[PDB]
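Source file: upload.txt. Holds: compact mmCIF, C-alpha atoms and all ligand atoms.
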# COMPACT_ATOMS: atom_id res chain seq x y z
CA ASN B 1 19.18 10.28 7.70
CA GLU B 2 22.52 8.83 8.89
CA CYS B 3 23.76 5.26 9.54
CA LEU B 4 23.85 3.59 12.90
CA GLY B 5 26.65 0.95 12.87
CA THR B 6 27.55 0.82 16.59
CA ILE B 7 24.02 1.68 17.79
CA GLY B 8 22.37 -1.05 15.73
CA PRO B 9 18.79 -1.16 14.45
CA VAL B 10 16.77 -1.87 17.70
CA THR B 11 16.01 0.86 20.27
CA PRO B 12 14.19 0.13 23.50
CA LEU B 13 11.61 2.81 24.43
CA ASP B 14 11.11 0.85 27.74
CA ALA B 15 10.43 -2.96 28.29
CA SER B 16 7.16 -3.43 26.35
CA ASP B 17 8.14 -1.09 23.53
CA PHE B 18 10.95 -0.33 21.08
CA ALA B 19 11.42 1.01 17.58
CA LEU B 20 12.92 -0.82 14.70
CA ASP B 21 14.95 0.92 12.00
CA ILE B 22 14.78 -0.71 8.60
CA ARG B 23 17.48 0.84 6.41
CA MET B 24 19.55 -0.22 3.44
CA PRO B 25 22.97 -1.50 4.46
CA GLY B 26 24.99 1.31 2.90
CA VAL B 27 24.01 1.38 -0.78
CA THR B 28 25.65 3.05 -3.78
CA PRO B 29 23.12 2.98 -6.63
CA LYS B 30 24.48 4.21 -9.99
CA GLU B 31 21.24 4.31 -11.98
CA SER B 32 18.48 6.91 -12.38
CA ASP B 33 15.00 5.49 -11.49
CA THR B 34 16.27 2.48 -9.46
CA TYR B 35 14.24 0.15 -7.16
CA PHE B 36 16.10 -1.45 -4.23
CA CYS B 37 14.79 -4.09 -1.73
CA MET B 38 15.87 -5.65 1.57
CA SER B 39 14.32 -7.57 4.45
CA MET B 40 14.54 -7.71 8.28
CA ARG B 41 13.16 -10.27 10.76
CA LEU B 42 11.30 -9.31 13.92
CA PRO B 43 13.24 -9.06 17.15
CA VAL B 44 10.44 -10.79 19.08
CA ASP B 45 8.93 -13.96 17.73
CA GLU B 46 5.34 -12.92 18.61
CA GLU B 47 2.29 -10.73 18.49
CA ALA B 48 3.55 -7.27 18.28
CA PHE B 49 1.35 -4.52 17.05
CA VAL B 50 3.02 -1.95 14.80
CA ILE B 51 1.77 1.45 16.07
CA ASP B 52 3.79 4.18 14.30
CA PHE B 53 6.16 5.00 11.41
CA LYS B 54 9.01 7.50 11.41
CA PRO B 55 10.28 8.07 7.80
CA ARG B 56 13.89 8.83 7.15
CA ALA B 57 15.36 9.45 3.80
CA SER B 58 17.32 12.11 2.00
CA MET B 59 14.55 14.16 0.31
CA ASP B 60 17.55 15.04 -2.02
CA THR B 61 17.53 11.71 -3.60
CA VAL B 62 14.81 9.30 -2.34
CA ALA B 63 11.65 9.35 -4.54
CA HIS B 64 9.33 6.96 -2.65
CA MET B 65 9.34 4.07 -0.10
CA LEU B 66 6.92 1.20 0.62
CA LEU B 67 6.90 -1.13 3.63
CA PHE B 68 5.02 -4.40 3.67
CA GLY B 69 4.82 -7.45 5.89
CA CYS B 70 5.05 -11.05 4.66
CA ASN B 71 6.52 -14.28 5.85
CA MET B 72 8.98 -15.20 3.04
CA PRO B 73 11.06 -12.47 1.18
CA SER B 74 12.09 -13.10 -2.46
CA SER B 75 15.83 -13.14 -1.73
CA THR B 76 18.26 -14.20 0.95
CA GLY B 77 19.83 -10.76 0.42
CA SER B 78 21.67 -8.01 2.25
CA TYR B 79 19.77 -5.99 -0.28
CA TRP B 80 18.66 -6.77 -3.90
CA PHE B 81 16.83 -5.25 -6.94
CA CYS B 82 13.03 -5.11 -6.30
CA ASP B 83 12.51 -6.04 -9.99
CA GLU B 84 13.95 -9.33 -8.78
CA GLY B 85 11.20 -9.08 -6.14
CA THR B 86 9.70 -8.74 -2.64
CA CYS B 87 8.23 -11.68 -0.70
CA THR B 88 7.56 -14.87 -2.66
CA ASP B 89 4.32 -14.87 -0.60
CA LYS B 90 1.57 -12.19 -0.27
CA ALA B 91 3.29 -8.93 0.71
CA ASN B 92 0.52 -6.98 2.58
CA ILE B 93 1.45 -3.32 2.82
CA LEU B 94 1.68 -1.32 6.05
CA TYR B 95 3.20 1.95 5.07
CA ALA B 96 3.80 4.13 2.03
CA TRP B 97 5.77 7.35 1.77
CA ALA B 98 5.97 10.04 -0.92
CA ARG B 99 8.24 13.09 -1.30
CA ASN B 100 5.91 15.77 -2.53
CA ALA B 101 3.18 14.26 -0.39
CA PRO B 102 3.74 13.77 3.35
CA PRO B 103 1.64 10.88 4.73
CA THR B 104 -0.64 10.93 7.73
CA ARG B 105 -0.49 9.50 11.28
CA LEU B 106 -2.31 6.37 12.18
CA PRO B 107 -5.14 7.05 14.64
CA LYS B 108 -4.49 6.48 18.33
CA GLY B 109 -5.52 2.95 19.37
CA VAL B 110 -4.70 1.36 16.01
CA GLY B 111 -1.88 -1.06 14.97
CA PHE B 112 -0.82 -3.59 12.33
CA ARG B 113 -0.54 -6.94 14.01
CA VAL B 114 2.63 -8.76 13.17
CA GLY B 115 4.52 -11.91 14.09
CA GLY B 116 3.42 -14.81 16.19
CA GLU B 117 1.81 -17.93 14.79
CA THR B 118 -0.22 -15.77 12.36
CA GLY B 119 1.22 -12.29 11.72
CA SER B 120 4.09 -11.31 9.42
CA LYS B 121 7.61 -12.62 10.29
CA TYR B 122 9.46 -10.19 7.98
CA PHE B 123 9.29 -6.50 6.83
CA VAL B 124 10.31 -5.77 3.27
CA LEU B 125 11.47 -2.27 2.31
CA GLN B 126 11.08 -1.17 -1.30
CA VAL B 127 12.96 2.14 -1.86
CA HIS B 128 12.57 4.08 -5.09
CA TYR B 129 15.41 6.45 -6.03
CA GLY B 130 14.89 9.36 -8.56
CA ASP B 131 17.67 11.26 -10.47
CA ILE B 132 21.17 11.20 -8.90
CA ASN B 133 30.04 8.42 -5.19
CA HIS B 134 29.04 7.59 -1.52
CA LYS B 135 27.10 5.17 0.79
CA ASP B 136 23.27 5.28 1.60
CA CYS B 137 21.31 3.98 4.58
CA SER B 138 17.85 5.71 4.36
CA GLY B 139 14.44 4.01 4.84
CA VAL B 140 11.82 3.62 7.64
CA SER B 141 11.88 3.43 11.48
CA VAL B 142 8.83 1.72 13.00
CA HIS B 143 7.77 1.72 16.71
CA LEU B 144 6.05 -1.47 17.67
CA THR B 145 4.64 -2.20 21.15
CA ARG B 146 3.76 -5.56 22.51
CA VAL B 147 0.79 -3.72 24.12
CA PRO B 148 -2.39 -4.97 22.34
CA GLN B 149 -4.35 -2.38 20.39
CA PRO B 150 -8.11 -1.47 20.32
CA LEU B 151 -8.26 -1.18 16.53
CA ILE B 152 -6.39 -3.51 14.11
CA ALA B 153 -5.16 -2.19 10.79
CA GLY B 154 -5.47 -3.89 7.55
CA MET B 155 -5.77 -3.55 3.86
CA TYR B 156 -8.51 -4.31 1.44
CA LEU B 157 -6.81 -4.55 -1.94
CA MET B 158 -8.99 -4.10 -4.98
CA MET B 159 -6.98 -5.02 -8.04
CA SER B 160 -7.70 -5.99 -11.61
CA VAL B 161 -6.17 -9.09 -13.15
CA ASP B 162 -7.48 -9.39 -16.68
CA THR B 163 -7.51 -5.83 -17.85
CA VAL B 164 -6.23 -5.09 -21.36
CA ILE B 165 -5.70 -1.67 -23.11
CA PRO B 166 -5.73 -1.81 -26.97
CA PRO B 167 -3.02 0.45 -28.43
CA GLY B 168 -4.26 4.01 -29.28
CA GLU B 169 -7.55 3.22 -27.44
CA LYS B 170 -8.65 6.65 -26.22
CA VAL B 171 -10.40 5.18 -23.11
CA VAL B 172 -10.43 1.74 -21.47
CA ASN B 173 -12.19 1.26 -18.13
CA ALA B 174 -11.30 -1.39 -15.59
CA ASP B 175 -13.73 -2.33 -12.92
CA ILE B 176 -13.66 -4.30 -9.73
CA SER B 177 -16.66 -5.23 -7.59
CA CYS B 178 -16.98 -7.33 -4.48
CA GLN B 179 -19.62 -8.01 -1.80
CA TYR B 180 -18.50 -7.42 1.84
CA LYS B 181 -18.34 -10.51 4.11
CA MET B 182 -16.57 -9.95 7.45
CA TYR B 183 -17.40 -7.59 10.30
CA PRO B 184 -17.57 -3.89 9.37
CA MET B 185 -14.53 -1.71 8.81
CA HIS B 186 -13.88 1.95 9.06
CA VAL B 187 -11.64 3.09 6.16
CA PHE B 188 -9.07 5.73 7.13
CA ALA B 189 -6.58 6.07 4.23
CA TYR B 190 -5.72 4.98 0.71
CA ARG B 191 -3.25 4.81 -2.14
CA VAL B 192 -3.52 4.07 -5.91
CA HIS B 193 -0.84 2.46 -8.00
CA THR B 194 -1.03 2.26 -11.77
CA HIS B 195 1.85 2.66 -14.17
CA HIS B 196 1.48 5.34 -16.94
CA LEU B 197 -1.76 4.80 -18.84
CA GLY B 198 -3.45 5.59 -15.55
CA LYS B 199 -5.64 8.57 -16.06
CA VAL B 200 -7.49 8.07 -12.85
CA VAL B 201 -8.37 5.67 -10.05
CA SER B 202 -11.35 5.95 -7.71
CA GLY B 203 -13.26 3.64 -5.31
CA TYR B 204 -16.62 3.44 -3.43
CA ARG B 205 -19.05 1.75 -1.08
CA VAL B 206 -22.49 0.88 -2.46
CA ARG B 207 -25.40 0.18 -0.12
CA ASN B 208 -28.60 -0.19 -2.17
CA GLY B 209 -26.89 1.54 -5.11
CA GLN B 210 -25.76 4.34 -2.79
CA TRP B 211 -22.32 5.60 -3.96
CA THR B 212 -20.27 7.28 -1.22
CA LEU B 213 -16.75 8.03 -2.49
CA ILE B 214 -13.62 6.79 -0.75
CA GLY B 215 -10.63 7.94 -2.80
CA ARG B 216 -9.85 9.61 -6.07
CA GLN B 217 -6.41 10.25 -7.38
CA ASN B 218 -4.58 10.56 -10.66
CA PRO B 219 -2.01 7.81 -10.16
CA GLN B 220 0.81 9.78 -11.87
CA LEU B 221 0.72 11.87 -8.63
CA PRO B 222 2.87 10.43 -5.85
CA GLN B 223 0.79 7.42 -4.70
CA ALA B 224 1.09 8.02 -0.97
CA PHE B 225 -1.23 6.77 1.66
CA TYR B 226 -3.61 9.66 1.33
CA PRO B 227 -6.25 10.18 4.04
CA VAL B 228 -9.97 9.64 3.70
CA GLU B 229 -11.82 12.89 4.66
CA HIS B 230 -14.63 11.53 6.98
CA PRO B 231 -14.44 7.83 7.73
CA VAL B 232 -16.55 5.27 5.89
CA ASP B 233 -18.44 2.43 7.66
CA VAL B 234 -18.20 -0.47 5.24
CA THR B 235 -20.67 -3.01 6.73
CA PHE B 236 -21.85 -6.47 5.47
CA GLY B 237 -23.61 -6.63 2.07
CA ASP B 238 -22.04 -3.40 0.78
CA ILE B 239 -20.27 -3.60 -2.55
CA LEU B 240 -16.81 -2.26 -3.04
CA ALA B 241 -16.69 -0.80 -6.55
CA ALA B 242 -13.59 0.68 -8.12
CA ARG B 243 -12.52 2.00 -11.47
CA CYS B 244 -9.20 2.75 -12.99
CA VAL B 245 -9.50 4.58 -16.33
CA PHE B 246 -6.56 4.34 -18.78
CA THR B 247 -5.69 5.51 -22.31
CA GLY B 248 -3.89 3.57 -25.06
CA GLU B 249 -2.68 6.64 -26.97
CA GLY B 250 0.93 6.40 -25.83
CA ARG B 251 2.35 3.17 -27.22
CA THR B 252 2.28 0.81 -30.22
CA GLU B 253 1.15 -2.54 -28.69
CA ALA B 254 -1.40 -4.16 -26.46
CA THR B 255 -0.86 -3.33 -22.82
CA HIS B 256 -1.97 -5.94 -20.23
CA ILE B 257 -1.87 -6.31 -16.46
CA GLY B 258 1.70 -6.79 -15.15
CA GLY B 259 4.42 -5.84 -12.65
CA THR B 260 6.83 -4.19 -15.22
CA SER B 261 7.09 -0.62 -16.56
CA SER B 262 5.57 -1.74 -19.92
CA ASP B 263 2.51 -3.38 -18.30
CA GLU B 264 -0.25 -1.80 -16.25
CA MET B 265 -1.72 -2.30 -12.81
CA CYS B 266 -5.03 -1.20 -11.45
CA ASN B 267 -4.40 -1.51 -7.76
CA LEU B 268 -6.36 0.38 -5.13
CA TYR B 269 -5.11 -0.06 -1.58
CA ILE B 270 -7.77 0.59 1.16
CA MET B 271 -6.39 0.96 4.67
CA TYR B 272 -8.91 0.34 7.36
CA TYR B 273 -9.19 -0.35 11.04
CA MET B 274 -11.61 -2.73 12.71
CA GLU B 275 -12.49 -3.60 16.26
CA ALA B 276 -9.79 -5.86 17.74
CA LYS B 277 -12.25 -8.65 18.52
CA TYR B 278 -13.54 -8.81 14.98
CA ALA B 279 -10.48 -7.73 13.01
CA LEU B 280 -8.54 -9.60 10.36
CA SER B 281 -5.52 -8.25 8.78
CA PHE B 282 -6.28 -8.12 4.97
CA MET B 283 -9.00 -8.73 2.30
CA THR B 284 -8.93 -8.79 -1.51
CA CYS B 285 -10.97 -8.45 -4.70
CA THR B 286 -9.87 -9.78 -8.14
CA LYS B 287 -13.44 -9.99 -9.40
CA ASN B 288 -16.13 -7.74 -10.91
CA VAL B 289 -19.29 -9.58 -9.96
CA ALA B 290 -21.66 -6.56 -10.26
CA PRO B 291 -20.45 -5.35 -13.66
CA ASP B 292 -23.66 -3.78 -14.97
CA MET B 293 -24.12 -1.75 -11.80
CA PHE B 294 -21.44 0.68 -12.85
CA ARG B 295 -23.70 2.67 -15.21
CA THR B 296 -25.02 4.08 -11.86
CA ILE B 297 -21.37 5.16 -11.04
CA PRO B 298 -20.47 8.83 -10.58
CA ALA B 299 -19.10 10.75 -13.58
CA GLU B 300 -16.65 12.28 -11.14
CA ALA B 301 -15.17 8.72 -11.54
CA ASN B 302 -14.97 9.05 -15.39
CA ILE B 303 -13.73 12.66 -15.85
CA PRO B 304 -10.00 13.32 -15.12
CA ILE B 305 -7.75 15.57 -12.91
CU CU B 401 -18.76 4.48 12.04
CU CU B 402 3.37 -2.08 -10.51
Could you show the structure in this file as structure tokens?
Amino acid sequence: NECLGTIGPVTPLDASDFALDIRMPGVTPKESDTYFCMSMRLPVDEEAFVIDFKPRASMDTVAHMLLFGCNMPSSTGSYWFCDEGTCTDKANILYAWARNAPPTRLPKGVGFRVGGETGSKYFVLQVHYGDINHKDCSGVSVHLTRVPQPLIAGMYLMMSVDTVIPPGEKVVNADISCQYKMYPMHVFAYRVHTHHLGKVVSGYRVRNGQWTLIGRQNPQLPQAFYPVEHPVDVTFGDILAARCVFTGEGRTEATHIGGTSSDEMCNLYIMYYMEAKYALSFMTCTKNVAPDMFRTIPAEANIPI
């Protein structure tokens, strides 16, 4: 969509509500497969709750977009190259968008809590461009009310650290496993990033070895925030298990976990809501404390698609 210039990025929708348009300050990218980043501070210096997302990019030429919150972006830029980087702190993701894969709405009564003493001070907008003279604005409008929300959003990231894929190695599994600590969470959507060797990602709840699937996606598919059929009450003492499967047939050297095209990532992003009272904005698992368990896993997790 177009550029604003005289209208600016902030739109009141009334007093206790406005939308915020986060869009690249007129960019002219002359590369195919190019990742561009930029940051914007909150208008209000407080607890807002981010309640919607209106996506706006030339389907022509915009492959995928990610929006996270964090309190210190990786450059003082007008824009920059995301390979340079997002937030030098934890960038916790709010929104993801894919072309061939329209996202879903948040549920009414839900919102990511931002700013204030605790919440995120900045939004950072990663914007992937596909194949390709002029000037580009495209990106994401928000809609954030000051009105507190019943159900707070957040992310449980399960991600491998140590994984390694030996070259030509028909199959290498990577497994994450964590025990649940906080108040329960209903899980309403998901996404799954891995680079190429990604055959398939998948993730579950386990209550007395009782596997009840969350998400399953071949990560070469556009890694949107895909919805979870019927919601999943993750309570205390449940185990989050996840498996990315990769192959090594592809390249001539040892692939390890990393943020570059040549490396791999087994990330599984798990977007939940919790009761306001009990809610906390993001959890994480870098461990695989229940490793043996996984024999019990579904074979739906180990065969492809
Ligand atoms: Cu429930
Ligand atoms: Cu990556």
TODO: Report the distance between atom CA of residue B:148 and atom CA of residue B:50 in Å, rounded to one decimal place.
DONE: 9.8 Å
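The gap separating atom CA of residue B:260 from atom CA of residue B:168 is 19.7 Å, in Å to one decimal.
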- [ ] Could the residues that lie within 8 Å of ligand CU 402 (chain B), counting all atoms listed in the file, be listed as a list in words?
- [x] residues 193, 194, 195, 258, 259, 260, 261, 263, 264 and 265 of chain B
TODO: Give the answer as one residue: which of B:73, B:9, B:231, B:103 has the shortest atom-to-atom distance to ligand CU 401 (chain B), using only C-alpha atoms and all ligand atoms?
DONE: B:231
Task: Top pick for closest residue to residue B:149, considering B:33, B:47, B:169, B:89 and counting all atoms listed in the file - done: B:47
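For ligand CU 401 (chain B), the set of protein, DNA and RNA residues within 9 Å, based on all atoms listed in the file, reads residues 184, 185, 186, 231, 232, 233 and 234 of chain B.
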Open item on the list: Can you pull out the residues contacting residue B:182? Cut-off 12 Å, using only C-alpha atoms, and skip same-chain residues under 5 positions away; I want them as a list in words.
Closed with: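 Here the qualifying residues turn out to be residues 156, 234, 235, 236, 237, 238, 274, 275, 277, 278, 279, 280, 281, 282, 283 and 284 of chain B.
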Box in all listed atoms of stretch 64-70 of chain B, axis-aligned, with 6 Å more on each side; write out centre and edge lengths in Å to one decimal as AutoDock Vina command-line options.
--center_x 7.1 --center_y -2.0 --center_z 1.6 --size_x 16.5 --size_y 30.0 --size_z 20.5
Task: Shortest interatomic distance to residue B:32 - which of B:95, B:129, B:123, B:49, counting all atoms listed in the file - done: B:129
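When atom CA of residue B:198 is paired with atom CA of residue B:86, their separation reads 23.3 Å.
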Task: Selected residue of minimal separation from residue B:159 among B:35, B:208, B:230, B:287, counting all atoms listed in the file - done: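 Answer, going by the shortest atom-to-atom distance: B:287.
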Open item on the list: Please list as a ChimeraX atom specification every residue within 9 Å of residue B:121, counting only C-alpha atoms and excluding residues in the same chain fewer than 4 positions away.
Closed with: /B:40-42,45-46,69-72,114-116
TODO: Skip residue B:4 itself and residues of its chain fewer than 5 positions away, then list as a VMD selection string all residues within 10 Å of it, counting only C-alpha atoms.
DONE: chain B and resid 9 21 23 25 137
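The protein and nucleic acid residues lying at most 12 Å from residue B:196 are residues 165, 200, 218, 219, 220, 221, 244, 245, 246, 247, 248, 249, 250, 251, 255, 260, 261, 262, 263, 264, 265 and 266 of chain B, with only C-alpha atoms considered and sequence neighbours fewer than 4 positions away removed.
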Those residues you just picked out, can you put them in a file as a short mmCIF file (atom, residue, chain, number, x, y, z; two decimals), in the frame of the given file with C-alpha atoms?
data_model
loop_
_atom_site.label_atom_id
_atom_site.label_comp_id
_atom_site.auth_asym_id
_atom_site.auth_seq_id
_atom_site.Cartn_x
_atom_site.Cartn_y
_atom_site.Cartn_z
CA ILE B 165 -5.70 -1.67 -23.11
CA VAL B 200 -7.49 8.07 -12.85
CA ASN B 218 -4.58 10.56 -10.66
CA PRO B 219 -2.01 7.81 -10.16
CA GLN B 220 0.81 9.78 -11.87
CA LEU B 221 0.72 11.87 -8.63
CA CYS B 244 -9.20 2.75 -12.99
CA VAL B 245 -9.50 4.58 -16.33
CA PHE B 246 -6.56 4.34 -18.78
CA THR B 247 -5.69 5.51 -22.31
CA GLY B 248 -3.89 3.57 -25.06
CA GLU B 249 -2.68 6.64 -26.97
CA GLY B 250 0.93 6.40 -25.83
CA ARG B 251 2.35 3.17 -27.22
CA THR B 255 -0.86 -3.33 -22.82
CA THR B 260 6.83 -4.19 -15.22
CA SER B 261 7.09 -0.62 -16.56
CA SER B 262 5.57 -1.74 -19.92
CA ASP B 263 2.51 -3.38 -18.30
CA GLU B 264 -0.25 -1.80 -16.25
CA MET B 265 -1.72 -2.30 -12.81
CA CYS B 266 -5.03 -1.20 -11.45
#
